[PDB]
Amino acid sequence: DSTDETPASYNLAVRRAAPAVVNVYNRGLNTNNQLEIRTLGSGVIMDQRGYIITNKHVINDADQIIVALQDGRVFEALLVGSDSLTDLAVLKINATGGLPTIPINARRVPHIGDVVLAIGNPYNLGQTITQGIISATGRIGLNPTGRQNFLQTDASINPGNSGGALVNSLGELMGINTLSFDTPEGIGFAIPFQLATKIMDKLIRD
């Protein structure tokens, strides 16, 4: 009997990284004052100060930006500033009790073939974990993405996953999910965590 064996699992990665991936809500204003949900995506808490990376397209033209953590807290987020060049954006929240932060190993080098998990909020179903591998680590020549430094992955990505996290089996941030190529299957992209940290730092000081 298997009663004593151990099921293969990436649960250790989920427990390490998941608590820091938040649900981002873009609220508009209904014709018939009250606020409705225009768009929604994911986001990631980078440090204790309360900074959060997310997608620009998710927060554009937002009357109110709402951020929901997996522990049930809900904050209103301030727009720190977006990047027109890399499609990122940085939010800020004012929390009292301390925050969960995404693990970051600045010395880790993502390799093609590494198992990765996508973490986000597809179709507003609640936080979801999907599993894939890094399919590519940037491109040298000209290619359909127009950029040379995108991580590609086949971890399923859907509307709502944008601005969310892509971690490896250790729960270390590999990148930030963007958009999914659209009848394609298992083709998604992420901004490398190195580049994302630089863009954030810049948007924060500036």
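Numbers for residues come from their place in the sequence shown, where the first is 1.
- The deposited sequence places 1 to 3 unmodelled residues between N32 and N33.
- Judged by mean Cα B factor in the deposited record, 43-51 ranks above the other of 43-51 and 152-160.
- On average the C-alpha atoms of 81-89 have higher B-factors than those of the other stretch, with 118-126 and 81-89 being the two compared.
- Note on the listed residues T137, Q64, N177, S169: the highest Cα temperature factor in the record is that of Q64.
- Per the deposited record, the Cα B-factor of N60 falls in the highest third when ranked against the other modelled residues of its chain.
- Ranked within its chain, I199 lands in the middle third, by CA B factor from the PDB record.
- Residue-level temperature factors show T183 in the highest third of its chain, judged at the C-alpha atom.
- Residue-level temperature factors show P100 in the lowest third of its chain, judged at the C-alpha atom.
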